[PDB]
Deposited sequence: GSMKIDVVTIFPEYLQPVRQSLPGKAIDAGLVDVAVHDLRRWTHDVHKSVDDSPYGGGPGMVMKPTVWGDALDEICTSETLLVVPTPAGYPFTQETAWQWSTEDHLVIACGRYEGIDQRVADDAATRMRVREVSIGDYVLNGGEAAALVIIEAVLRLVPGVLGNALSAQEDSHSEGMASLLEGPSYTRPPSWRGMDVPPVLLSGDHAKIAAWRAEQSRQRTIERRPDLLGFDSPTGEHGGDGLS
C-alpha cells in the first residue's frame, strides 16, 4: 500500500498518472496518488511562489516559506521526500525497486532555477530526502520527471548488465524482411545464445559505458 503526494504549480500536468491507475488497485487500497497546487500555500494576494536569487544570477528561486508550509502539512516523519533536479543523485531501476516498498512518497516539483536549499535541508532533519535526476538533460520543471518516477516505481508494486536485443512477432516475412530463422528453430539453447550475442553487440554499439 502506497500513498503518493505530488506538489506542483501545474497540477493539471499530473492528470495522466491518475488516469492510468487501474480501478482494482485503488479499490483494493493498494495505491492513492494525490496532486496538490503549490499556490494553496502562498501568503500574498499575488500568490507568489518565487523570488530573486541571493548572489544574483539567472532565473527565480522558489520561496522557502511557501514550500515549508506545504511540506509541513503533507509530510510526516515516515515520508520519503523526492525532489527531481538536474543536480540530483541518479534515479535508476535500483532506486525504483527500493522506493516501491515505501509507504509514503511526496514529490516536490520545482520550476525555474530551483528551490531554496533550506527547504530540503530543513526537511532532512526529520524525514528522508532524495534529490534525484532522471537523466542528463534539462527540463523546465520537475513535473515530467515526477511522471517518470511515478511510473517506474508503481509498475514494481504488485497489482498496480546488458541491453535487451531485438524482438519479433508475426508475420514471418514483412516488407522484404524475414524474422531471424534461429528464432523459429525450436533449438532453445541456441536461441538463448543468439539473443545473448545480440545483447552484447547492442550494448557495445549503444552503451559502451555499461562495460
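_Should a student be asked to find the unmodelled regions, what ranges of the deposited sequence would be the right answer here?_
Gaps in the modelled chain, taken against the deposited sequence, lie at 1, 162-178, 230-244.
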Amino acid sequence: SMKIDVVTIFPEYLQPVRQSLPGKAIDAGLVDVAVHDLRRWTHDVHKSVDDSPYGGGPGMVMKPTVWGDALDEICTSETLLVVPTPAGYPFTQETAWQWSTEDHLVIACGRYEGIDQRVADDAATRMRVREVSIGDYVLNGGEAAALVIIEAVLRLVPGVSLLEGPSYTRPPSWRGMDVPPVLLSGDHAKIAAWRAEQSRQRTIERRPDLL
From here on, numbers count along this sequence of modelled residues.
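In this text, rigid core is short for the largest set of C-alphas that superpose within 1.5 Å between two forms.
Inset, instruction - Quick one: core-superposed, which stretch strays further from the shown model in 9 other deposited structures of this protein, 106-114 or 90-98? Go by RMS C-alpha distance. - result: Larger mean C-alpha displacement, comparing 90-98 and 106-114 in 9 other deposited structures of this protein, is found in 106-114.
(Q) Among the other entries of this protein that were compared (only those with both neighbours built), does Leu14 lack coordinates in at least a third? (A) No, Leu14 is modelled in every one of the other compared entries that cover both of its flanks.
Say whether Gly29, which has coordinates in the shown structure, is without coordinates in a third or more of the other compared entries. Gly29: unmodelled in at least a third of the other compared entries.
| For the stretches 98-106 and 81-89, which has the higher mean C-alpha B-factor as given in the deposited record? | Comparing 98-106 with 81-89, the higher average CA B-factor belongs to 98-106.
| Where do the C-alpha atoms have the higher mean temperature factor in this entry, in 144-152 or in 170-178? | Comparing 144-152 with 170-178, the higher average CA B-factor belongs to 170-178.
Choose from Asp122, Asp116, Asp72, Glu113 the residue with the greatest Cα B-factor as stated in the PDB record. Each of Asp122, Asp116, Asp72, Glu113 was compared by C-alpha B-factor; the highest is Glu113.
Going by the entry, which third of its chain does the Cα temperature factor of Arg202 land in? Lowest third - that is where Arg202 ends up once the chain's C-alpha B-factors are sorted.
Note to self: Test of reading the entry: by CA B factor among the chain's modelled residues, which third contains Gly55?
What the structure shows: Middle third by C-alpha B-factor.
Practice task
Just say lowest, middle or highest third for the CA B-factor of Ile26 relative to the other modelled residues in its chain.
Solution key: Answer is highest: the recorded C-alpha B-factor places it there.
* To do: Check where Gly165 lands among this chain's C-alpha B-factors and tell me if it's the lowest, middle or highest third.
  => Middle third, going by the recorded CA B-factors of the chain.
Among modelled residues of the same chain, the CA temperature factor third for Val6
Middle third - that is where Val6 ends up once the chain's C-alpha B-factors are sorted.
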